[PDB]
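J.: Can you keep this structure in mind? I'll have questions shortly.
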Amino acid sequence: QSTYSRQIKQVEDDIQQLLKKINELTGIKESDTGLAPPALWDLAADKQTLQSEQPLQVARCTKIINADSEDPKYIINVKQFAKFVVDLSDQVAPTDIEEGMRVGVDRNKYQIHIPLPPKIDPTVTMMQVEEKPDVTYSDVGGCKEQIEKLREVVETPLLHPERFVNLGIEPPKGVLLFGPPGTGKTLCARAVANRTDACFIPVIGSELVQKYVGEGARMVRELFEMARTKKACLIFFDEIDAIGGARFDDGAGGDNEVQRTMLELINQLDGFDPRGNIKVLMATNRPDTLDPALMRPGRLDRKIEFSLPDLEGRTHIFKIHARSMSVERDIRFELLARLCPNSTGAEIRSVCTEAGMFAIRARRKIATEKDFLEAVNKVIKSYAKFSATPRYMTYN
Amino acid sequence: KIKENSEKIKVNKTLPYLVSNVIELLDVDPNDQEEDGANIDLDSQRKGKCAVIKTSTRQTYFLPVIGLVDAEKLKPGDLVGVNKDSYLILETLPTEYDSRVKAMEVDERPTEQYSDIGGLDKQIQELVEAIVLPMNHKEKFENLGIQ
Amino acid sequence: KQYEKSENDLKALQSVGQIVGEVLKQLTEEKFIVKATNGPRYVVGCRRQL
């Protein structure tokens with residue numbers, strides 16, 4: 001026991017001294033080797049080392065014009081923006097490299113070994129992405145009227161296109177979710193996403209805006225296309241007043257950088273092509289910034305307003321939230337909600353959160369009446385004045 | 001014999017090779033430019049068909065152009081290859097668009113058929129007349145005499 | 001024609017490809033200082049023939 005205790009202190013020095021031997025064998029620092037997958041890969045790996053496949057320099061192929069001296073040549077423009085005419089390394093056919101497609105070329109010997117995967121140039125957009133999140137279903141208010149309306153458009157073609165063709169109905173496209181902050185445009189979208197069980201990419205537009213004008217635009221088209229190719233994709237575009245703002249200039253400023261990207265999104269949704277069956281959802285912070293192209297049916301078939309959750313909604317959010325929580329059940333959860341003024345969805349929940357905290361604070365296996373009264377009287381006075389909604393709603 | 005003389009050039013001729021563009025096309029004699037006087041009254045300018053080349057690394061290289069595809073074909077805007085290991089013209093390539101432009105080219109859209117796209121009858125006539133007819137039904141337009 | 005390529009190309013390989021320059025300033029007409037369009041400035045000679 002006493003012997004065992006001594007080792008706790010010791011192990012830290014012991015790992016530090018040993019550290020050059022650990023580094024070589026397991027990984028990180030001096031001589032990075034994992035030993036488990038690069039070992040297995042080693043025989044294949046030898047082929048690449050021998051060749052000039054290292055380097056294999058980032059590029060995209062402009063045109064595959066072949067010409068004389070060395071016959072299989074391709075005209076490539078690198079991502080840093082200068083063109084090279086290159087050769088084919090025998091390991092693929094001239095068929096594999098195709099005009100407009102992303103391709104790898106060497107820097108020491110300019111020639112294609114293996115073509116580089118096309119359109120995955122944004123890393124910034126990927127940063128935000130978590131596939132299938134949600135706080136928990138209980139905070140939503142569960143099934144609201146708001147959730148059910150959203151499923152008819154959203155869930156149903158992804159889950160079954162079969163039923164769509166059978167009846168003979170065109171498949172939907174766009175749902176525009178709007179309301180001031182905290183009416184839960186994102187919360188409901190996450191809930192339907194999980195249910196349908198389509199792969200889920202949500203992204204903030206604020207990372208599809210980067211560097212100067214036109215670089216952000218390249219990111220939006222390539223991302224969108226990639227999703228479109230993919231069968232049963234759901235894209236929830238989170239908070240766009242960052243690729244979704246007003247269209248003007250006054251020639252003392254200009255909205256341009258924002259409008260280049262916004263317009264690039266709008267164009268792509270249905271396309272100049274019929275439509276796909278892959279769904280787009282847009283969440284906007286203003287209904288006051290939208291231009292008519294976005295609004296046309298077949299890029300936006302029905303407008304759903306998630307603004308200030310409905311008369312039914314205010315009570316469901318408290319009771320379904322209350323259900324989950326250890327709380328008193330001699331108080332009417334609806335009475336607390338009803339008290340709440342012109343409540344944004346975020347605000348109804350704010351009562352539950354504040355109410356529960358007092359209950360946790362005591363460390364009881366329920367809650368008491370007192371915790372609820374202080375919470376609710378506080379919420380009605382202060383919070384409501386200080387919500388998003390008074391300022392935004394008049395504007396909108 | 002051609003391969004043998006070419007042999008010193010041939011090592012540089014292979015990979016890597018850059019691409020470049022033609023600042024000027026210089027059409028002169030096939031081999032040996034004029035001779036200058038002074039001490040030794042003989043050549044210093046031996047330039048055959050030649051091109052003054054600006055590379056796209058923002059460097060400028062002078063080189064006598066290959067007798068297989070001469071300077072004369074070459075003009076400003078044309079792509080031409082040039083070898084990195086020693087700046088000779090690897091090849092001649094024709095002028096071509098960016099990758100973005102390749103996306104821009106045809107994709108084609110399918111028919112909604114005139115009858116089948118509901119109403120707006122007066123408008124079917126306006127678009128058909130303006131757009132598709134001058135291209136396809138071109139002879140009637142030539143007969144009208146309009147541009 | 002191919003034999004022709006080899007000979008005209010031969011002239012360049014002596015230099016290891018010729019480089020464009022322009023007289024940055026005339027100091028004498030025998031030794032000039034030249035600025036290179038590929039980049040750095042040089043002090044260069046001239047031919048006894050030119």
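Naming scheme: A, B, ... for chains in displayed order of the structure tokens; residues 1 onward per chain; ligands 1 onward as shown.
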Taking only C-alpha atoms into account, which residues of chain B are within 10 Å of chain C, as a count of residues only?

T.: 55

J.: Which residues come within 8 Å of residue 43 of chain C, counting only C-alpha atoms, excluding same-chain residues fewer than 6 positions away, as JSON, numbers by chain?

T.: {"C": [31, 32, 33, 34]}

J.: Just to be explicit: take each residue in the selection above, keep C-alpha atoms, and write the result as a compact mmCIF listing (two decimals), in the first residue's frame.

T.:
# COMPACT_ATOMS: atom_id res chain seq x y z
CA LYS C 31 30.99 46.88 -68.99
CA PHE C 32 27.36 47.69 -68.44
CA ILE C 33 25.27 47.32 -65.39
CA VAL C 34 22.15 45.36 -66.19

J.: Please tabulate, as a tab-separated table, the residues of chain B that come within 12 Å of chain A, each with its closest pair of atoms and the distance in Å to one decimal, counting only C-alpha atoms and ordering rows by chain, then residue number upward.

T.:
residue	atom	partner	partner_atom	distance
B:10	CA	A:69	CA	9.8
B:12	CA	A:109	CA	11.6
B:13	CA	A:69	CA	8.1
B:14	CA	A:70	CA	7.6
B:15	CA	A:109	CA	5.2
B:16	CA	A:109	CA	4.4
B:17	CA	A:85	CA	6.9
B:18	CA	A:84	CA	5.0
B:19	CA	A:84	CA	4.9
B:20	CA	A:84	CA	8.2
B:21	CA	A:83	CA	10.7
B:55	CA	A:82	CA	10.0
B:56	CA	A:82	CA	6.5
B:57	CA	A:82	CA	7.5
B:58	CA	A:82	CA	10.1
B:66	CA	A:69	CA	11.8
B:68	CA	A:68	CA	10.9
B:69	CA	A:68	CA	10.9
B:79	CA	A:85	CA	9.4
B:80	CA	A:85	CA	8.9
B:81	CA	A:85	CA	6.7
B:82	CA	A:85	CA	9.0
B:83	CA	A:85	CA	10.0
B:84	CA	A:109	CA	10.0
B:85	CA	A:109	CA	10.7
B:89	CA	A:69	CA	10.3
B:90	CA	A:69	CA	7.0
B:91	CA	A:69	CA	6.7
B:92	CA	A:67	CA	7.8
B:93	CA	A:67	CA	6.8
B:94	CA	A:65	CA	8.4
B:95	CA	A:65	CA	10.0
B:96	CA	A:63	CA	7.4
B:97	CA	A:62	CA	7.1
B:98	CA	A:62	CA	5.4
B:99	CA	A:62	CA	4.2
B:100	CA	A:100	CA	7.3
B:101	CA	A:100	CA	8.6
B:102	CA	A:100	CA	6.0
B:103	CA	A:100	CA	7.0
B:104	CA	A:100	CA	10.4
B:105	CA	A:100	CA	10.9
B:107	CA	A:273	CA	9.1
B:108	CA	A:273	CA	8.5
B:109	CA	A:273	CA	6.2
B:110	CA	A:274	CA	8.2
B:111	CA	A:274	CA	10.0
B:112	CA	A:274	CA	9.8

J.: Let's have the selection written as a short mmCIF file (atom, residue, chain, number, x, y, z; two decimals), in the first residue's frame, with N, CA and C atoms.

T.:
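What landed in result-v2.cif:
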data_model
loop_
_atom_site.label_atom_id
_atom_site.label_comp_id
_atom_site.auth_asym_id
_atom_site.auth_seq_id
_atom_site.Cartn_x
_atom_site.Cartn_y
_atom_site.Cartn_z
N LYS B 10 18.26 16.93 -74.47
CA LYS B 10 17.24 15.92 -74.10
C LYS B 10 17.13 15.62 -72.60
N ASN B 12 17.65 17.89 -70.22
CA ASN B 12 16.94 19.04 -69.63
C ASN B 12 15.49 18.93 -70.09
N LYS B 13 15.17 18.41 -71.33
CA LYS B 13 13.91 18.38 -72.03
C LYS B 13 12.83 17.61 -71.28
N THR B 14 13.32 16.63 -70.48
CA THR B 14 12.43 15.80 -69.74
C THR B 14 12.06 16.56 -68.50
N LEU B 15 11.16 16.01 -67.70
CA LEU B 15 10.73 16.46 -66.40
C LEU B 15 11.71 16.93 -65.38
N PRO B 16 11.52 18.08 -64.63
CA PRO B 16 10.37 18.99 -64.69
C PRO B 16 10.42 19.97 -65.87
N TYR B 17 9.26 20.44 -66.38
CA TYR B 17 9.15 21.47 -67.29
C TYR B 17 7.96 22.36 -66.79
N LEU B 18 8.15 23.67 -66.98
CA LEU B 18 7.30 24.75 -66.65
C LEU B 18 6.44 25.01 -67.91
N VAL B 19 5.48 25.92 -67.78
CA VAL B 19 4.77 26.56 -68.87
C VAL B 19 5.04 28.07 -68.85
N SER B 20 4.82 28.76 -69.96
CA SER B 20 5.14 30.15 -70.16
C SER B 20 4.27 30.56 -71.35
N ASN B 21 4.40 31.87 -71.70
CA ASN B 21 3.59 32.66 -72.57
C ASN B 21 4.61 33.47 -73.36
N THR B 55 8.03 33.92 -68.23
CA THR B 55 7.53 32.79 -67.58
C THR B 55 6.48 33.32 -66.62
N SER B 56 5.61 32.39 -66.11
CA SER B 56 4.67 32.67 -65.12
C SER B 56 5.11 32.46 -63.73
N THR B 57 6.48 32.48 -63.50
CA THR B 57 7.09 32.60 -62.13
C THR B 57 7.55 34.00 -61.82
N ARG B 58 7.26 34.86 -62.77
CA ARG B 58 7.63 36.27 -62.87
C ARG B 58 9.12 36.43 -62.95
N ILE B 66 12.39 26.29 -81.25
CA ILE B 66 12.47 25.08 -81.91
C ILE B 66 12.02 25.19 -83.37
N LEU B 68 10.89 22.89 -85.15
CA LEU B 68 9.71 22.02 -85.44
C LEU B 68 8.50 22.89 -85.33
N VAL B 69 8.24 23.70 -84.24
CA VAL B 69 7.06 24.57 -84.33
C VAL B 69 7.62 25.85 -84.13
N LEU B 79 0.14 29.56 -75.00
CA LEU B 79 0.87 28.81 -74.01
C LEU B 79 1.98 28.15 -74.75
N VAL B 80 3.14 27.98 -74.10
CA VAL B 80 4.16 27.25 -74.72
C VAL B 80 4.90 26.54 -73.56
N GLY B 81 5.45 25.28 -73.69
CA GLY B 81 6.13 24.76 -72.58
C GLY B 81 7.58 25.21 -72.67
N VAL B 82 8.25 25.22 -71.42
CA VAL B 82 9.68 25.53 -71.33
C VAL B 82 10.27 24.74 -70.24
N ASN B 83 11.45 24.19 -70.40
CA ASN B 83 12.07 23.28 -69.52
C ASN B 83 12.73 24.13 -68.46
N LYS B 84 12.54 23.66 -67.15
CA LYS B 84 13.17 24.24 -65.94
C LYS B 84 14.64 24.03 -65.92
N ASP B 85 15.13 22.78 -66.30
CA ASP B 85 16.55 22.46 -66.13
C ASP B 85 17.42 23.26 -67.06
N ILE B 89 12.38 25.57 -75.51
CA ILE B 89 10.97 25.46 -75.55
C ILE B 89 10.65 23.98 -75.60
N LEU B 90 9.96 23.44 -74.53
CA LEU B 90 9.67 22.03 -74.47
C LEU B 90 8.69 21.72 -75.57
N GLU B 91 7.60 22.55 -75.67
CA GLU B 91 6.55 22.31 -76.68
C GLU B 91 5.72 23.57 -76.92
N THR B 92 4.77 23.49 -77.88
CA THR B 92 3.85 24.50 -78.24
C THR B 92 2.47 23.89 -77.81
N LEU B 93 1.61 24.68 -77.07
CA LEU B 93 0.29 24.25 -76.67
C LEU B 93 -0.75 25.29 -77.20
N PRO B 94 -1.91 25.02 -77.66
CA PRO B 94 -2.92 26.03 -77.95
C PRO B 94 -3.53 26.56 -76.65
N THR B 95 -3.97 27.92 -76.78
CA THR B 95 -4.66 28.83 -75.79
C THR B 95 -5.96 28.18 -75.27
N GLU B 96 -6.16 28.28 -73.93
CA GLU B 96 -7.16 27.53 -73.21
C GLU B 96 -7.64 28.17 -71.93
N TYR B 97 -8.90 27.93 -71.47
CA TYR B 97 -9.56 28.64 -70.40
C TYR B 97 -9.15 28.14 -69.02
N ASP B 98 -9.59 28.84 -67.91
CA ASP B 98 -9.33 28.45 -66.53
C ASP B 98 -10.23 27.29 -66.15
N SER B 99 -9.98 26.66 -64.94
CA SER B 99 -10.82 25.57 -64.46
C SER B 99 -12.23 25.92 -64.19
N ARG B 100 -12.51 27.16 -63.70
CA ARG B 100 -13.79 27.75 -63.33
C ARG B 100 -14.72 27.88 -64.54
N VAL B 101 -14.14 28.28 -65.70
CA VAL B 101 -14.73 28.38 -66.95
C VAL B 101 -15.21 27.03 -67.43
N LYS B 102 -14.44 25.93 -67.10
CA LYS B 102 -14.93 24.61 -67.52
C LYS B 102 -16.29 24.17 -66.96
N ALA B 103 -16.55 24.61 -65.73
CA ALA B 103 -17.84 24.51 -65.06
C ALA B 103 -19.00 25.26 -65.76
N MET B 104 -18.65 26.42 -66.29
CA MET B 104 -19.49 27.36 -66.95
C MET B 104 -20.07 26.85 -68.25
N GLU B 105 -19.32 25.92 -68.97
CA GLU B 105 -19.71 25.34 -70.24
C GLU B 105 -21.00 24.52 -70.07
N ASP B 107 -24.39 22.18 -69.71
CA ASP B 107 -24.83 21.08 -68.88
C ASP B 107 -26.11 20.53 -69.45
N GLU B 108 -26.88 21.40 -70.09
CA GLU B 108 -28.14 21.12 -70.72
C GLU B 108 -29.15 20.94 -69.63
N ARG B 109 -30.40 21.35 -69.93
CA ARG B 109 -31.64 21.36 -69.16
C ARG B 109 -32.75 20.60 -69.97
N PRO B 110 -33.81 20.07 -69.38
CA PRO B 110 -34.61 19.09 -70.10
C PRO B 110 -35.83 19.91 -70.33
N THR B 111 -36.82 19.31 -71.10
CA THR B 111 -37.95 20.03 -71.71
C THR B 111 -39.12 20.22 -70.75
N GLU B 112 -39.81 21.33 -70.69
CA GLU B 112 -41.01 21.48 -69.96
C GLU B 112 -42.09 21.45 -70.96
#

J.: Would you return as a VMD selection string the members of segment 167-272 of chain A that DSSP assigns to strand (DSSP E or B) on this structure's backbone?

T.: chain A and resid 174 to 178 199 to 204 233 to 238

J.: Closest to residue 73 of chain B among B:34, B:126, B:26, B:143, using only C-alpha atoms?

T.: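 That would be B:26, the residue with the smallest distance to residue 73 of chain B.
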
J.: Running DSSP on the backbone, which parts of segment 73-262 of chain A land in helix (DSSP H, G or I), as an MDAnalysis selection string?

T.: chainID A and resid 124:128 137:140 145:159 162:167 185:196 215:229 256:262

J.: Can you tell me how far atom CA of residue 229 of chain A sits from atom CA of residue 192 of chain A, in Å to one decimal?

T.: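 Interatomic distance here is 21.4 Å.
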
J.: Per residue of segment 169-218 of chain A within 10 Å of segment 234-241 of chain A, which atom pair is closest and at what distance in Å (one decimal), using only C-alpha atoms, listed by chain and increasing number, as JSON lines?

T.:
{"residue": "A:175", "atom": "CA", "partner": "A:236", "partner_atom": "CA", "distance": 9.9}
{"residue": "A:177", "atom": "CA", "partner": "A:239", "partner_atom": "CA", "distance": 9.7}
{"residue": "A:178", "atom": "CA", "partner": "A:239", "partner_atom": "CA", "distance": 9.6}
{"residue": "A:181", "atom": "CA", "partner": "A:239", "partner_atom": "CA", "distance": 9.3}
{"residue": "A:185", "atom": "CA", "partner": "A:238", "partner_atom": "CA", "distance": 8.3}
{"residue": "A:186", "atom": "CA", "partner": "A:238", "partner_atom": "CA", "distance": 6.6}
{"residue": "A:189", "atom": "CA", "partner": "A:236", "partner_atom": "CA", "distance": 6.8}
{"residue": "A:190", "atom": "CA", "partner": "A:236", "partner_atom": "CA", "distance": 8.2}
{"residue": "A:192", "atom": "CA", "partner": "A:234", "partner_atom": "CA", "distance": 9.8}
{"residue": "A:193", "atom": "CA", "partner": "A:234", "partner_atom": "CA", "distance": 7.1}
{"residue": "A:196", "atom": "CA", "partner": "A:234", "partner_atom": "CA", "distance": 9.1}
{"residue": "A:197", "atom": "CA", "partner": "A:234", "partner_atom": "CA", "distance": 9.2}
{"residue": "A:198", "atom": "CA", "partner": "A:234", "partner_atom": "CA", "distance": 6.1}
{"residue": "A:199", "atom": "CA", "partner": "A:234", "partner_atom": "CA", "distance": 6.3}
{"residue": "A:200", "atom": "CA", "partner": "A:234", "partner_atom": "CA", "distance": 5.4}
{"residue": "A:201", "atom": "CA", "partner": "A:235", "partner_atom": "CA", "distance": 5.4}
{"residue": "A:202", "atom": "CA", "partner": "A:236", "partner_atom": "CA", "distance": 4.9}
{"residue": "A:203", "atom": "CA", "partner": "A:237", "partner_atom": "CA", "distance": 5.7}
{"residue": "A:204", "atom": "CA", "partner": "A:238", "partner_atom": "CA", "distance": 5.2}
{"residue": "A:205", "atom": "CA", "partner": "A:240", "partner_atom": "CA", "distance": 6.0}
{"residue": "A:206", "atom": "CA", "partner": "A:240", "partner_atom": "CA", "distance": 7.8}

J.: Identify, on the basis of only C-alpha atoms, every residue whose closest approach to residue 395 of chain A does not exceed 12 Å; exclude the query and any residue fewer than 2 positions from it along the same chain; express the result as a short mmCIF file (atom, residue, chain, number, x, y, z; two decimals) with N, CA and C atoms, in the first residue's frame.

T.:
data_model
loop_
_atom_site.label_atom_id
_atom_site.label_comp_id
_atom_site.auth_asym_id
_atom_site.auth_seq_id
_atom_site.Cartn_x
_atom_site.Cartn_y
_atom_site.Cartn_z
N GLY A 179 -37.16 34.33 -37.08
CA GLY A 179 -37.56 34.86 -35.84
C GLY A 179 -36.33 35.42 -35.26
N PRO A 180 -36.39 36.34 -34.31
CA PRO A 180 -35.29 36.99 -33.59
C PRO A 180 -34.50 35.92 -32.75
N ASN A 285 -31.77 35.71 -39.50
CA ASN A 285 -31.96 36.41 -38.30
C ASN A 285 -32.92 37.52 -38.57
N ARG A 286 -33.27 37.85 -39.85
CA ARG A 286 -34.16 39.01 -40.14
C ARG A 286 -35.00 38.53 -41.21
N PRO A 287 -36.26 38.84 -41.33
CA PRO A 287 -37.08 38.59 -42.53
C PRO A 287 -37.02 39.86 -43.38
N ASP A 288 -36.18 40.81 -43.04
CA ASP A 288 -36.15 42.15 -43.61
C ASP A 288 -34.97 42.39 -44.60
N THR A 289 -34.24 41.34 -44.83
CA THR A 289 -33.00 41.43 -45.53
C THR A 289 -33.05 40.56 -46.76
N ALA A 388 -34.55 39.66 -26.85
CA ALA A 388 -34.18 39.96 -28.23
C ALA A 388 -35.35 40.57 -28.84
N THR A 389 -36.53 40.03 -28.54
CA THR A 389 -37.79 40.30 -29.25
C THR A 389 -38.37 41.73 -29.30
N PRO A 390 -38.35 42.63 -28.28
CA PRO A 390 -39.01 43.99 -28.37
C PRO A 390 -38.38 44.79 -29.52
N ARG A 391 -37.03 44.86 -29.59
CA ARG A 391 -36.28 45.56 -30.54
C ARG A 391 -36.35 45.01 -31.99
N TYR A 392 -36.19 43.70 -32.02
CA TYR A 392 -36.21 43.07 -33.34
C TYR A 392 -37.57 43.07 -34.04
N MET A 393 -38.70 42.82 -33.24
CA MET A 393 -40.03 42.49 -33.78
C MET A 393 -40.64 43.67 -34.53
#

J.: For residue 372 of chain A, find every residue with an atom within 12 Å (counting only C-alpha atoms), except residues of its own chain fewer than 4 positions away, and show them as a VMD selection string.

T.: chain A and resid 322 327 to 333 335 to 337 339 350 to 359 366 to 368 376 to 379

J.: Please, could you write that set of residues out with C-alpha atoms as a short mmCIF file (atom, residue, chain, number, x, y, z; two decimals), in the first residue's frame?

T.:
data_model
loop_
_atom_site.label_atom_id
_atom_site.label_comp_id
_atom_site.auth_asym_id
_atom_site.auth_seq_id
_atom_site.Cartn_x
_atom_site.Cartn_y
_atom_site.Cartn_z
CA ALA A 322 -40.33 19.96 -16.25
CA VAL A 327 -39.42 19.24 -9.60
CA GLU A 328 -42.56 19.81 -7.52
CA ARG A 329 -45.82 18.64 -9.10
CA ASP A 330 -48.34 20.62 -7.11
CA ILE A 331 -47.41 23.73 -9.23
CA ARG A 332 -48.97 24.15 -12.67
CA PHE A 333 -46.12 24.36 -15.16
CA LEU A 335 -49.11 28.97 -14.97
CA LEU A 336 -45.40 29.79 -14.86
CA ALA A 337 -45.23 29.87 -18.73
CA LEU A 339 -46.92 34.44 -16.64
CA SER A 350 -34.99 30.45 -18.70
CA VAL A 351 -37.63 30.06 -16.00
CA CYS A 352 -37.06 26.30 -15.81
CA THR A 353 -33.37 26.66 -15.66
CA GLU A 354 -33.47 29.33 -12.88
CA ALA A 355 -36.15 27.30 -10.98
CA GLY A 356 -34.15 24.11 -11.11
CA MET A 357 -30.95 25.81 -10.07
CA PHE A 358 -32.47 26.78 -6.67
CA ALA A 359 -33.63 23.24 -6.32
CA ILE A 366 -37.71 17.57 -6.20
CA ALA A 367 -38.14 21.35 -5.93
CA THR A 368 -40.24 23.62 -3.82
CA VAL A 376 -40.92 33.50 -12.37
CA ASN A 377 -41.43 37.03 -10.77
CA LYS A 378 -37.82 37.77 -11.75
CA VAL A 379 -38.30 36.56 -15.38
#

J.: Residues at most 12 Å from residue 248 of chain A, counting only C-alpha atoms, excluding those fewer than 2 positions away in the same chain, as an MDAnalysis selection string?

T.: chainID A and resid 245:246 250:260 289:291

J.: Just N, CA and C atoms for this one: save the residues we selected as a short mmCIF file (atom, residue, chain, number, x, y, z; two decimals), in the first residue's frame.

T.:
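What landed in part.cif:
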data_model
loop_
_atom_site.label_atom_id
_atom_site.label_comp_id
_atom_site.auth_asym_id
_atom_site.auth_seq_id
_atom_site.Cartn_x
_atom_site.Cartn_y
_atom_site.Cartn_z
N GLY A 245 -27.35 38.81 -45.72
CA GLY A 245 -27.68 40.21 -45.44
C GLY A 245 -28.33 40.99 -46.64
N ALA A 246 -28.63 42.30 -46.36
CA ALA A 246 -29.20 43.19 -47.39
C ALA A 246 -28.30 43.37 -48.61
N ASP A 250 -23.76 52.05 -51.53
CA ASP A 250 -24.17 53.42 -51.47
C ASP A 250 -23.03 54.21 -52.01
N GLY A 251 -21.84 53.50 -52.19
CA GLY A 251 -20.59 53.97 -52.67
C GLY A 251 -19.82 54.82 -51.61
N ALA A 252 -20.00 54.38 -50.28
CA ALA A 252 -19.27 54.83 -49.06
C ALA A 252 -19.03 53.60 -48.28
N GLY A 253 -19.22 52.39 -48.86
CA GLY A 253 -19.15 51.17 -48.06
C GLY A 253 -19.30 50.12 -49.07
N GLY A 254 -20.21 49.18 -48.76
CA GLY A 254 -20.78 48.30 -49.70
C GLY A 254 -20.85 46.97 -49.01
N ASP A 255 -21.98 46.32 -49.27
CA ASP A 255 -22.39 44.97 -48.78
C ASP A 255 -21.86 43.79 -49.58
N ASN A 256 -21.07 44.08 -50.61
CA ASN A 256 -20.64 43.23 -51.70
C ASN A 256 -20.15 41.90 -51.32
N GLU A 257 -19.24 41.86 -50.33
CA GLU A 257 -18.54 40.65 -49.96
C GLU A 257 -19.53 39.66 -49.43
N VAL A 258 -20.51 40.17 -48.63
CA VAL A 258 -21.63 39.50 -48.16
C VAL A 258 -22.60 39.02 -49.17
N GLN A 259 -22.95 39.85 -50.18
CA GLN A 259 -23.87 39.60 -51.30
C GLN A 259 -23.32 38.62 -52.32
N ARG A 260 -22.00 38.52 -52.56
CA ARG A 260 -21.43 37.60 -53.48
C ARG A 260 -21.71 36.19 -53.09
N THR A 289 -34.24 41.34 -44.83
CA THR A 289 -33.00 41.43 -45.53
C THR A 289 -33.05 40.56 -46.76
N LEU A 290 -34.18 39.94 -47.08
CA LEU A 290 -34.28 38.78 -48.00
C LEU A 290 -34.66 39.44 -49.34
N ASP A 291 -34.06 38.93 -50.46
CA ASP A 291 -34.32 39.41 -51.80
C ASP A 291 -35.33 38.35 -52.51
#

J.: Write out as a list in words the residues lying within 7 Å of segment 309-311 of chain A, counting only C-alpha atoms and excluding same-chain residues fewer than 3 positions away.

T.: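 Here the qualifying residues turn out to be residues 183, 306, 314, 344 and 345 of chain A.
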
J.: Which neighbours of residue 134 of chain A fall inside 10 Å, counting only C-alpha atoms, when residues of the same chain fewer than 2 positions from it are skipped, and could you give them as a ChimeraX atom specification?

T.: /A:130-132,136-137,139-140,186-191,193-194

J.: Taking only C-alpha atoms into account, name the residue in A:24, A:96, A:319, A:158 that is nearest to residue 117 of chain A.

T.: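 Of A:24, A:96, A:319, A:158, the one nearest residue 117 of chain A is A:96, counting only C-alpha atoms.
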
J.: What is the distance, in Å and to one decimal place, between atom CA of residue 299 of chain A and atom CA of residue 277 of chain A?

T.: 12.1 Å
